[PDB]
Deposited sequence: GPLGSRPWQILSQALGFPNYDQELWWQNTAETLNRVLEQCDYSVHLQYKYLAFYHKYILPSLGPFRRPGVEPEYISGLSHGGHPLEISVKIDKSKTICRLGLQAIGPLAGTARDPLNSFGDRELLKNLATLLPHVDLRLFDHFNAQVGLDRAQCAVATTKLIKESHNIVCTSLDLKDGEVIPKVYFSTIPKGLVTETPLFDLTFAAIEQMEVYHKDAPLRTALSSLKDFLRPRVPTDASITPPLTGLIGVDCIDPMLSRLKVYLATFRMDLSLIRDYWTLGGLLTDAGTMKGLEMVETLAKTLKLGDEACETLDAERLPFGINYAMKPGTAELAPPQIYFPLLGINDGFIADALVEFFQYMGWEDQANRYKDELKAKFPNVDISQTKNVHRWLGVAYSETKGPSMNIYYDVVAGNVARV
């Protein structure tokens, strides 16, 4: 064969069988996504060669019948620590990878919450890529990381699929690899009996950039004013809750700080309350985005609400909202998205979605699966416009 995923298999082979199985269950889809997103052949080789060298060893064992790994990830249905997502606009689509980098003692007494593998991966990316900055990672790792004893405590109070402290995404954008990370607040909250709100904002307010940037301190107090009445004041894990803190692994003055809420209830009034920050945002841009989100939910794991802030900007923007799609028929989802894209006037996206979906996941019949689409994120930005993020359980789509 002569497609890049095939050529790279032929050129590089595999250090071990797990890496080979990961390639066999993901690289073909990845090359198809890249192709369908109009990445050049040179960028397809770039990202697939990157994937081979850096990501395959980070994915740990390939969970399969008869081989049960010590560490089970909540990123996918089968426990595989990988997702592939697309960020769609009217005119372009970006591919992103989401993973946990699995350490070799992950899920055992010497590393109960997989505390080390992501930062090792990011260390290797820092020597690969000139623009990668580890200072925000390190800052939040210091604030919400746990020692081994604490990690062992947390594993006693959390389901197997939530034994995590961090996870990593890689945006494959502008011919670069752009890393970002999310940190879990729940283990520290549980182990220290600290309110999740308190620890989130304590960690944020100790950032060097917070100390240097008045506009960020302005946006953050507004967010605190919105969130304080809505999340617990005590130490319980009662949604709605501040469950993740996200940063970009770039210059801290350029990084978006993300505060992610998880909740199990989402009805119209809450979508409204989240999206407008309780009536704080009432401008036409926010309201057009709201219409979009209400329409999506009508046309169609916790819900996600992600508030993203940037140094230099004092005003909050509407969040990105995440809908879990696990349990919903994938062909139905496809047909609903086609409708939604037509509603948005993204005609070319509507005309190609379903056929391109089948071509991403040729081993599976999408009319009969319910776990291939895992999440959908919807956003509206004053400057970039509407976008949709679709997260796929790539392993479910290949096995």
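Where are the gaps relative to the deposited sequence?
Seq positions lacking coordinates: 1-3, 304-317, 417-419.
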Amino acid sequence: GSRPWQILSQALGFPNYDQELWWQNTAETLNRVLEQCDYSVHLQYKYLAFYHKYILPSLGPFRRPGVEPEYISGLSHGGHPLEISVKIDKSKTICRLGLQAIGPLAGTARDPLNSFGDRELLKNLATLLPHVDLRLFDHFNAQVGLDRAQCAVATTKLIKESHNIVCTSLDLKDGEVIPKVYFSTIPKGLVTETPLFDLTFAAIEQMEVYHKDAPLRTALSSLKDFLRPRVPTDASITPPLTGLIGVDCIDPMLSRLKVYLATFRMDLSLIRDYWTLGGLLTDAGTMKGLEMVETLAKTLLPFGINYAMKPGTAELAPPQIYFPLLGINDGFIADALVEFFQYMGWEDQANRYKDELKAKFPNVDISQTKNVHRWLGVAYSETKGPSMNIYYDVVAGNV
From here on, numbers count along this sequence of modelled residues.
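In this text, the rigid core denotes the largest set of C-alpha atoms whose superposition between the two forms falls within 1.5 Å.
Would you mind working out which of 79-87 and 217-225 sits farther from this form in 5 other deposited structures of this protein by RMS C-alpha distance, with the rigid core as the fit?
Larger mean C-alpha displacement, comparing 217-225 and 79-87 in 5 other deposited structures of this protein, is found in 79-87.
Going by the average Cα B-factor in the PDB entry, point out whether 311-319 or 174-182 comes out higher.
Going by the record's values, the stretch with the higher mean is 311-319.
Averaging CA B factors per stretch from the PDB record, which one is higher: 246-254 or 132-140?
If you average the C-alpha B-factors of 246-254 and of 132-140, the larger mean comes out for 246-254.
Quick one: which of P240, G79, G145, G103 shows the highest Cα temperature factor in the PDB entry?
The C-alpha B-factor peaks, among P240, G79, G145, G103, at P240.
Highest Cα B-factor in the PDB entry belongs to which of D273, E120, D234, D111?
In this record, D234 carries the highest C-alpha B-factor of the candidates.
Sorting by Cα B-factor within the chain, modelled residues only, which third would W346 end up in: lowest, middle or highest?
Answer is highest: the recorded C-alpha B-factor places it there.
Taking the C-alpha B-factors as the PDB entry records them, is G304 in the lowest, middle or highest third of its chain?
Tercile = middle for this residue's CA B-factor.
Classify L357 as lowest, middle or highest third according to the C-alpha B-factor given in the PDB entry, relative to its own chain.
Answer is middle: the recorded C-alpha B-factor places it there.
Consider only the C-alpha atoms of the modelled residues in this chain, order them by B-factor as the entry records it, and name the third containing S115: lowest, middle or highest.
Within its chain, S115 is a lowest-third residue by C-alpha B-factor, going by the deposited values.
Quick check for you: using the entry's CA B-factors within this chain, is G278 in the lowest, middle or highest third?
Highest third - that is where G278 ends up once the chain's C-alpha B-factors are sorted.
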